[PDB]
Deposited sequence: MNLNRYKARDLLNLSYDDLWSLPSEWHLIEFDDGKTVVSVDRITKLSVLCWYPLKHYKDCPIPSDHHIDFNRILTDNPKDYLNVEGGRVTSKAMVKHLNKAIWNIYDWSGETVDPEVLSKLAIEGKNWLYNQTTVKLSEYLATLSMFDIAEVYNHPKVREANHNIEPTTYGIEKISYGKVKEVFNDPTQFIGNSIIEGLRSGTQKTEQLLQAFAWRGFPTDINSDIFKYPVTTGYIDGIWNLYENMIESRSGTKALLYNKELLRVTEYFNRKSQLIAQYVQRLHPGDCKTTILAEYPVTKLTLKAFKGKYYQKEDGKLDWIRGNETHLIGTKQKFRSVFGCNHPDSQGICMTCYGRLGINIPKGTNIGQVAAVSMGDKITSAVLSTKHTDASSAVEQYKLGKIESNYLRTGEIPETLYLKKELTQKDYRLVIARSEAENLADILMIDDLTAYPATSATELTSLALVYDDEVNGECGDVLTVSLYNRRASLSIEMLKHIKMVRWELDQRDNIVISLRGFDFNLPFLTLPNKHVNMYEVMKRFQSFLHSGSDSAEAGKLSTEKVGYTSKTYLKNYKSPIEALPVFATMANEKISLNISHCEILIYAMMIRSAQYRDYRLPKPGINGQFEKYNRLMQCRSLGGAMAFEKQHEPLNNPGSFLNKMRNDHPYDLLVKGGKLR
């Protein structure tokens, strides 16, 4: 049938003026593993630009995981690839494929690649992706006008979620919010709308769209007090009663001012830890070969904290093991050394050479509690 057949590295050895001037048709891409991805030209042009670190090493295999549409696999039965959704292009999605490329290079050659070269190749690949996508895409500009509001507003399922609403926290926040939440996730209704396609791509939040296209519900005061009567209208069709506009006036500015004033008071908490953690010092790679391994009980909430460690089983670098979730486990930590890379874990290979590990651990602990408030 009429599907052209390309390769994984034969598109990567192609020049930019020849990659962008590809035909617009449904084609096949052969990868170095035993799979074949069905996709279109506008997605594989974006996937090749995420394989910039793979362009330097010309003997590295390119698996099928590197493609954006890696769910469509050309199998024997024709219904497993006929009507299948693809991967959604996100601001996080283009980063994880460059991550997949740099760790494919780091896993192809066995642990002998300086990660500084991989990080420089990652920032250079992001720079080349930016410099290609801004220049070559100058007619595909997302606009917003009066017509875009009147397409999400005029939907009959959104207008049904504004009439006959029970003014409590249940009848708003579980019925009227959900009646438009289940249609905002429908990939059939809003084709080409700049608001909905930006919501699906992670650039818009639904928590701000619920207060705009549906009812706003129960704002607070200087202290968290519900006012026993919710706001009747949203932000698209405005709010022009004295009661509801005064409650939204108490919710708007005074909350954000004390979400501003409570972030320079936490600046004292991390400096003393940042100064006291500098006693531990430089991290040299290798293996200390010490028979000192501490036992640690595993819990479901600390499984993600064991994402990079060195398991010892019958004399293993993952964080997705659903099992081993209640068993106490013996593995090596920094409490035994004669600090090595195996004892600290595989988090230490993302740290540069001249960086104090206790100082960067104090910064990693400090930023997480300020990212919540």
### Query
Where does the model skip over parts of the deposited sequence?
316-319, 343-348, 384-677
